[PDB]
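See below for the structure under consideration.
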Amino acid sequence: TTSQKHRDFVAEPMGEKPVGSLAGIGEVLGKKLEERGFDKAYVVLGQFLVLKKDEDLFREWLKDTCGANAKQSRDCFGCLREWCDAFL
Amino acid sequence: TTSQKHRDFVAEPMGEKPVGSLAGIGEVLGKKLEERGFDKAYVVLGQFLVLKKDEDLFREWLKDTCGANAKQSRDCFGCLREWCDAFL
Amino acid sequence: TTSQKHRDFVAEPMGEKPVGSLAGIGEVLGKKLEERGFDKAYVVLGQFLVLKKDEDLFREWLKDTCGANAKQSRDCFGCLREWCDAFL
Amino acid sequence: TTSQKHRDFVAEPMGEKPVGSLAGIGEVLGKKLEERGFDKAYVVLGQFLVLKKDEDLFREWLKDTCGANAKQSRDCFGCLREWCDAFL
Amino acid sequence: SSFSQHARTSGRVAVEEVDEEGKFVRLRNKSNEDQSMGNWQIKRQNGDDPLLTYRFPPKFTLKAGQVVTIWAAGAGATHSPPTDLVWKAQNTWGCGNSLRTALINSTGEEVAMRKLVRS
Amino acid sequence: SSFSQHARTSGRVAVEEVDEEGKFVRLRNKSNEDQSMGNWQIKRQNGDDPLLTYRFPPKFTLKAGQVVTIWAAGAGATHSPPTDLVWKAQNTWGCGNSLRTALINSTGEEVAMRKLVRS
């Protein structure tokens, strides 16, 4: 169904959690994106908002900015979209 | 210091308020930003997150994206920053 | 306990509200009181004050002036009493 | 211009002051007003309000009710008018 | 439970519990300081149903860690201030797939919230 | 004006204006630095009338040069921090020939006071 880390993140507002706290974001991709400049989750979500929450564009950009596969990109997009539906 | 519209936007979660709901944003600038794609306050706040809360960069971007003056740019930046401090 | 019209009347000073704005005064009662000469709320209150704020005297006067029964007279007397307590 | 009793009456809400507490009303005038039915200062104020705050009407009423002269009637009218302007 | 629970709280009092049948709404002063909730307002949203607003007394205090449970009229409980209150003015707090409750303080500001979302 | 005003200040905040009908209380921070007035107490004395005690929220700071006016319930004003606040718990600040408004800090110390005296 849903990853538990996803449930933990969507349970509460993102606040100031690192991008690694995002569901489907492990140390490899998290470090990649932090070096890319997306060192925090809220900047990444703003990109997701900037991408107007589109699944395809967001997932493709995420892969091109770190290398997330279809599974990882799908999970991250789902977590962000659910959090937006919950708190945004 | 602050307008009542600014406080009303800040006093509550942004939800799905239009870009015009932002402080210092009237019909002309809000319509321009909607033309640019920023059709909602959440898109602008996501841009602000991507901007990582820089005042000068955010205000310059707003001026280049809708022709806002220092007044309107300052009002919008203050409103978004306060909303972030409250809810983010 | 307290009627909404009564709450609205007591929340603010009566000022120059018509007799119809009084609690327990309908359209027929308001028109009758206007025809009798008590065309305004404050004149009716003064008549109530002329009767030394007596419940029985004021209710009997209202009944003989417009035709109020127990409930209407009680509501009007309570409204005037609470207005006197709040402001007078 | 005004007696000390006038200042004392005006400076505070009338509440339940006797008819004698009115400015320019003596013991005999107050007793006569009580005999006629105006046994309290607020009764005299209600009579004054019924007369729609007319100076000549109030002075004539006081003269015909308690035998107050021009000076006493003028003082009482001024006291009631100032009280109305201060509180009503 | 099929009702995903989403809570947000920025003050000393959080939404301790929400009754799915709308019998009560339960909060806690999860801080270590007694919280004064004078004139505070409770706004309950049940999906698309109209908002129900309950207001605290002008001077009401919820002590640290204490439980305040506002019962509806149909709850059948007895109010025991400052621990139990029964909102006899509201028969039921309502039901629905989107049960979100926002607590509004004396200054008309939301500081705590819980939303229950069902598929 | 028939109401003599006595102004005294040893801190940064001075009592700018007092309403004779008790509709509002106005204070001014005449220094060049913001004054934090968290939980400061305002005590209003109307001659021999019982003291009316007003307490600010736990965290409140007045910016330098700004004006905050404390309005009463009978005034009908609308609160708007950090510049406008309304005390609904009190209908009016009171009236009388000897109106004394004393600003008391969180430490129970008098730092400002303005007294309205009428002959």
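So basically every Cβ, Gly included, is an ideal-geometry build from the backbone, and we count neighbours across all protein chains shown. Values quoted throughout were computed directly from the atomic coordinates according to the rules given, and no laboratory measurement underlies them.
What to note about this one:
- Looking only at residues of the range B:32-50 that are touching a helix residue (DSSP H, G or I) at 6+ places or on another chain (Cβ under 8 Å) and more than 12 Å from chain A (Cβ to nearest Cβ), we find that the one that is farthest from A:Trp83 (Cα to Cα) is B:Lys32.
- Qualifying residue in the range F:38-49 (condition: buried (at least 18 other Cβ atoms within 10 Å of the Cβ) and either farther than 23 Å from F:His6 by Cα or of a type in the set (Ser, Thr, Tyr) (or both)): no
- Conditions (1) under 11 Å from the mean Cα position of the chain (by Cα); (2) among the aliphatic types (A, V, I, L, M); (3) within 14 Å of chain A (Cβ to nearest Cβ): number failed by B:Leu29: (3)
- Condition check for B:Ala68: among the aliphatic types (A, V, I, L, M) and under 29 Å from E:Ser10 (Cβ atoms): no
- Residues in the range F:57-86 that are within 12 Å of another protein chain (Cβ to nearest Cβ) and either among the hydroxyl-bearing types (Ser, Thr, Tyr) or under 23 Å from E:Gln35 (Cα atoms) (or both): F:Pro57, F:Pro58, F:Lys59, F:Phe60, F:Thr78, F:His79, F:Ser80, F:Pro81, F:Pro82, F:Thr83, F:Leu85, F:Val86.
- Flag for D:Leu62 being hydrophobic (A, V, I, L, M, F, W, C), surrounded by 14 or more Cβ atoms within 10 Å (Cβ to Cβ) and under 10 Å from the mean Cα position of the chain (by Cα): yes
- Selection count where residues are more than 8 Å from every other protein chain (Cβ to nearest Cβ) and either among the charged types (D, E, K, R) or under 14 Å from E:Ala102 (Cα atoms) (or both), scope the range E:1-23: 13
- Meets criteria (surrounded by fewer than 16 Cβ atoms within 10 Å (Cβ to Cβ) and acidic (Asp, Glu)) for B:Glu16: yes
- The listed residue being away from chain B (no Cβ under 14 Å), farther than 16 Å from B:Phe48 by Cβ and basic (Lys, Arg), out of A:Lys53, A:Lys63: A:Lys63
- Yes/no for A:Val28 being without any contact (Cβ under 8 Å) to a residue 40 or more places away in the chain, loosely packed, with under 15 Cβ neighbours inside 10 Å, in a helix (DSSP H, G or I) and not polar (S, T, N, Q): yes
- Members of the range F:39-56 that are more than 11 Å from every other protein chain (Cβ to nearest Cβ), part of a loop (DSSP other than H, G, I, E, B) and touching a strand residue (DSSP E or B) at 6+ places or on another chain (Cβ under 7 Å): F:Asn39, F:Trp40, F:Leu51
- Scanning the range F:91-101 for residues that are more than 9 Å from every other protein chain (Cβ to nearest Cβ) and surrounded by fewer than 17 Cβ atoms within 10 Å (Cβ to Cβ) returns a single hit, F:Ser98.
- Looking across F:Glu17, F:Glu33, one residue alone is assigned to a loop (DSSP other than H, G, I, E, B), loosely packed, with under 15 Cβ neighbours inside 10 Å and on the phi < 0 side of the Ramachandran plot. It is F:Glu33.
- D:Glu16 being under 23 Å from F:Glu21 (Cα atoms), more than 10 Å from the chain's Cα centre (by Cα), charged (D, E, K, R) and in a loop (DSSP other than H, G, I, E, B): yes
- Scanning the range B:66-88 for residues that are in contact (Cβ under 8 Å) with a residue 24 or more places away in the chain, surrounded by fewer than 17 Cβ atoms within 10 Å (Cβ to Cβ) and more than 14 Å from chain A (Cβ to nearest Cβ) gives B:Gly67, B:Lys71.
- Top-ranked residue in the range A:45-88 [being among the aliphatic types (A, V, I, L, M) and touching a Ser or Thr at 6+ places or on another chain (Cβ under 9 Å); ranked as nearest to B:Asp39 (Cα to Cα)]: A:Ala86
- Members of the range A:6-25 that are of a type outside the set (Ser, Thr, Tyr), away from chain E (no Cβ under 14 Å) and free of Cβ contacts under 8 Å to residues at least 24 places away in the same chain: A:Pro18, A:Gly20
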